[PDB]
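Next comes upload-v7.pdb, with PDB, C-alpha atoms (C1' of nucleotides) and all ligand atoms.
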```pdb
ATOM      1  CA  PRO E   1     120.258 178.872 164.123
ATOM      2  CA  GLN E   2     120.050 175.142 164.943
ATOM      3  CA  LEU E   3     118.025 175.760 168.151
ATOM      4  CA  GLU E   4     115.114 174.340 166.179
ATOM      5  CA  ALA E   5     111.504 173.194 166.536
ATOM      6  CA  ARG E   6     110.189 169.981 164.915
ATOM      7  CA  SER E   7     107.966 168.135 162.471
ATOM      8  CA  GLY E   8     107.734 164.457 163.604
ATOM      9  CA  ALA E   9     108.998 161.870 166.132
ATOM     10  CA  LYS E  10     109.972 158.218 165.273
ATOM     11  CA  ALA E  11     109.521 154.448 165.842
ATOM     12  CA  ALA E  12     112.082 152.053 164.224
ATOM     13  CA  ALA E  13     112.758 148.471 165.448
ATOM     14  CA  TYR E  14     116.354 147.142 165.780
ATOM     15  CA  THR E  15     117.824 143.988 167.353
ATOM     16  CA  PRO E  16     117.219 144.004 171.189
ATOM     17  CA  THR E  17     120.236 144.878 173.391
ATOM     18  CA  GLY E  18     119.929 142.316 176.228
ATOM     19  CA  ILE E  19     120.620 144.846 178.984
ATOM     20  CA  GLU E  20     119.422 144.248 182.570
ATOM     21  CA  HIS E  21     117.325 147.341 183.192
ATOM     22  CA  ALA E  22     116.469 148.057 186.838
ATOM     23  CA  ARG E  23     112.742 148.621 186.364
ATOM     24  CA  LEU E  24     112.342 145.726 183.910
ATOM     25  CA  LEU E  25     113.329 143.397 186.815
ATOM     26  CA  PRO E  26     110.502 141.097 187.918
ATOM     27  CA  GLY E  27     107.782 142.422 190.194
ATOM     28  CA  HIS E  28     104.072 141.773 190.665
ATOM     29  CA  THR E  29     104.060 138.501 188.783
ATOM     30  CA  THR E  30     100.600 137.782 190.199
ATOM     31  CA  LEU E  31      97.877 139.535 188.230
ATOM     32  CA  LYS E  32      94.691 140.231 190.186
ATOM     33  CA  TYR E  33      91.213 139.499 188.766
ATOM     34  CA  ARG E  34      87.553 140.444 189.142
ATOM     35  CA  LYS E  35      84.934 138.297 190.882
ATOM     36  CA  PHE E  36      82.767 137.035 187.955
TER
ATOM     37  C1'   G K   1     143.233  94.753 181.619
ATOM     38  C1'   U K   2     139.358  92.602 184.691
ATOM     39  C1'   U K   3     137.261  88.471 184.400
ATOM     40  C1'   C K   4     133.012  83.622 183.754
ATOM     41  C1'   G K   5     133.393  79.300 180.718
ATOM     42  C1'   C K   6     135.939  75.373 177.222
ATOM     43  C1'   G K   7     140.764  72.654 175.194
ATOM     44  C1'   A K   8     146.289  71.352 176.021
ATOM     45  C1'   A K   9     151.077  71.076 179.135
ATOM     46  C1'   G K  10     152.986  70.871 184.451
ATOM     47  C1'   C K  11     146.270  74.679 191.753
ATOM     48  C1'   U K  12     150.642  77.224 187.638
ATOM     49  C1'   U K  13     151.175  78.366 182.211
ATOM     50  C1'   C K  14     149.645  78.898 176.872
ATOM     51  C1'   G K  15     145.369  78.665 173.068
ATOM     52  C1'   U K  16     140.287  80.138 172.613
ATOM     53  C1'   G K  17     134.013  81.780 173.162
ATOM     54  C1'   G K  18     131.651  85.342 175.837
ATOM     55  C1'   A K  19     130.613  89.522 179.267
ATOM     56  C1'   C K  20     132.414  94.216 180.922
ATOM     57  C1'   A K  21     133.902  99.316 178.606
ATOM     58  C1'   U K  22     132.600 101.455 173.899
ATOM     59  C1'   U K  23     133.355 107.761 168.712
ATOM     60  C1'   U K  24     136.450 113.406 172.590
ATOM     61  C1'   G K  25     137.346 118.308 170.921
ATOM     62  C1'   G K  26     136.928 123.047 167.317
ATOM     63  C1'   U K  27     132.001 129.820 165.228
ATOM     64  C1'   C K  28     139.075 129.703 167.546
ATOM     65  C1'   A K  29     144.209 126.990 164.615
ATOM     66  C1'   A K  30     151.006 130.849 167.294
ATOM     67  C1'   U K  31     153.840 138.372 164.412
ATOM     68  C1'   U K  32     152.824 142.172 160.349
ATOM     69  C1'   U K  33     147.487 141.400 155.838
ATOM     70  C1'   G K  34     140.641 141.483 158.210
ATOM     71  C1'   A K  35     140.579 146.014 160.838
ATOM     72  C1'   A K  36     140.931 149.148 169.190
ATOM     73  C1'   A K  37     141.590 153.611 170.734
ATOM     74  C1'   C K  38     143.939 157.764 173.026
ATOM     75  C1'   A K  39     148.289 160.461 172.393
ATOM     76  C1'   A K  40     151.639 163.605 169.432
ATOM     77  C1'   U K  41     152.935 167.508 165.697
ATOM     78  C1'   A K  42     150.995 171.234 162.737
ATOM     79  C1'   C K  43     146.842 174.296 161.972
ATOM     80  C1'   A K  44     142.703 176.702 163.643
ATOM     81  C1'   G K  45     139.287 177.177 167.753
ATOM     82  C1'   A K  46     134.091 177.950 171.490
ATOM     83  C1'   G K  47     124.851 178.244 170.727
ATOM     84  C1'   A K  48     121.627 182.566 170.405
ATOM     85  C1'   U K  49     123.079 187.941 170.819
ATOM     86  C1'   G K  50     126.528 193.580 170.265
ATOM     87  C1'   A K  51     129.104 190.836 174.058
ATOM     88  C1'   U K  52     129.591 187.231 178.280
ATOM     89  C1'   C K  53     127.286 183.080 180.215
ATOM     90  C1'   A K  54     123.243 178.959 182.267
ATOM     91  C1'   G K  55     120.206 175.155 181.428
ATOM     92  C1'   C K  56     116.515 172.276 178.722
ATOM     93  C1'   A K  57     114.910 169.841 174.631
ATOM     94  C1'   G K  58     114.500 168.533 169.054
ATOM     95  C1'   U K  59     115.957 165.645 164.026
ATOM     96  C1'   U K  60     119.297 161.793 162.601
ATOM     97  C1'   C K  61     121.214 155.408 158.156
ATOM     98  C1'   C K  62     126.777 159.353 164.902
ATOM     99  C1'   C K  63     128.137 157.727 168.977
ATOM    100  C1'   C K  64     130.948 157.700 173.941
ATOM    101  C1'   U K  65     130.925 157.645 179.645
ATOM    102  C1'   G K  66     127.311 155.915 182.743
ATOM    103  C1'   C K  67     123.993 149.978 186.482
ATOM    104  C1'   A K  68     120.843 153.171 184.481
ATOM    105  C1'   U K  69     114.146 154.583 182.165
ATOM    106  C1'   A K  70     119.652 159.008 186.793
ATOM    107  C1'   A K  71     123.094 162.129 185.053
ATOM    108  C1'   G K  72     126.999 163.674 181.943
ATOM    109  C1'   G K  73     129.154 164.398 177.359
ATOM    110  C1'   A K  74     132.036 171.230 172.744
ATOM    111  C1'   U K  75     124.321 173.891 173.984
ATOM    112  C1'   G K  76     127.925 165.774 173.365
ATOM    113  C1'   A K  77     128.370 164.760 167.384
ATOM    114  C1'   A K  78     126.117 166.578 162.010
ATOM    115  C1'   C K  79     121.791 170.389 161.632
ATOM    116  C1'   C K  80     123.483 177.550 160.307
ATOM    117  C1'   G K  81     123.304 175.491 153.448
ATOM    118  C1'   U K  82     120.489 174.987 149.112
ATOM    119  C1'   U K  83     116.091 177.848 147.982
ATOM    120  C1'   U K  84     113.335 178.802 139.637
ATOM    121  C1'   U K  85     107.017 174.470 137.910
ATOM    122  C1'   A K  86     100.112 170.348 141.057
ATOM    123  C1'   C K  87     101.154 177.230 137.813
ATOM    124  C1'   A K  88      96.656 179.274 135.443
ATOM    125  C1'   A K  89      93.565 183.763 133.654
ATOM    126  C1'   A K  90      93.133 188.785 131.245
ATOM    127  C1'   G K  91      95.077 192.890 128.185
ATOM    128  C1'   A K  92      98.773 195.128 124.516
ATOM    129  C1'   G K  93     102.520 194.622 120.491
ATOM    130  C1'   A K  94     105.320 191.513 116.719
ATOM    131  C1'   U K  95     106.839 187.264 112.707
ATOM    132  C1'   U K  96     104.887 182.598 110.110
ATOM    133  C1'   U K  97      99.918 179.980 107.328
TER
HETATM  134 MG    MG E 101     127.959 173.324 178.349
END
```

Represent the supplied structure as structure tokens.
Amino acid sequence: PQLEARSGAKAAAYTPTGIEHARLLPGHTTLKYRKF
RNA sequence: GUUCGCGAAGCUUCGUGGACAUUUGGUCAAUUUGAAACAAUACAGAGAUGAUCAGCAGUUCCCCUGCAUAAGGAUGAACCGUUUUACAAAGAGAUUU
């Protein structure tokens, strides 16, 4: 059948889409720091 | 045109030097030939497995709907096929020098 297992994943870079994702929206702009 | 000065005619009118203001818009030009899709007809037609059916993924130089990192698309699409060598060692028989 085609109900099939696998060998490897992927990572290929295209031109960015420019879509306004919900999570990507700004939040926690301030980074904290340590004392020293 | 505005005007601030000069020179001629009768504050009114011509002739001049300046100052003011200064380069728009087009990745495009209006019907077939620079690329939309559904639909329709005809023809078939539904994942495993015997059959019926659920859902989830996975790979991809396939996308669509979706605000979407939800979710959904025929289990969304194509995958179901082709598949003969890093190839050596031992034994037996045969023709050629
Ligand atoms: Mg289904």

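For ligand MG 101 (chain E), the set of protein, DNA and RNA residues within 9 Å, based on only C-alpha atoms (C1' of nucleotides) and all ligand atoms, reads residues 54, 55, 74 and 75 of chain K.
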
Export, as a PDB file, keeping the file's coordinate frame, the selected residues with C-alpha atoms (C1' of nucleotides).
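And here is the file that came out, part_7.pdb:
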```
ATOM      1  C1'   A K  54     123.243 178.959 182.267  1.00  0.00           C
ATOM      2  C1'   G K  55     120.206 175.155 181.428  1.00  0.00           C
ATOM      3  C1'   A K  74     132.036 171.230 172.744  1.00  0.00           C
ATOM      4  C1'   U K  75     124.321 173.891 173.984  1.00  0.00           C
TER       5        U K  75
END
```

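We find CA of residue 4 in chain E and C1' of residue 48 in chain K to be spaced 11.3 Å apart.
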
Spell out the residues picked by the PyMOL selection byres ((chain E and not hetatm) within 8 of (chain K)) here, as number ranges by chain.
E: 1-6, 21-23

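Going from CA of residue 26 in chain E to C1' of residue 66 in chain K covers 23.0 Å.
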
Need to verify the contact set: residue 62 in chain K, 12 Å, only C-alpha atoms (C1' of nucleotides), exclusion of same-chain residues closer than 3 positions in sequence. Can you return it as a ChimeraX atom specification?
/K:76-78

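Straight-line separation from CA of residue 24 in chain E to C1' of residue 70 in chain K: 15.4 Å.
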
Kindly resolve the PyMOL selection byres (((chain K and resi 3) around 10) and not hetatm) on the present coordinates and return the residues as an NGL selection string.
:K and (1-2 or 4 or 19-20)

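For the residues K:60, K:14, K:84, K:65, ranking by smallest atom-to-atom distance to residue 9 in chain E using all atoms listed in the file places K:60 first.
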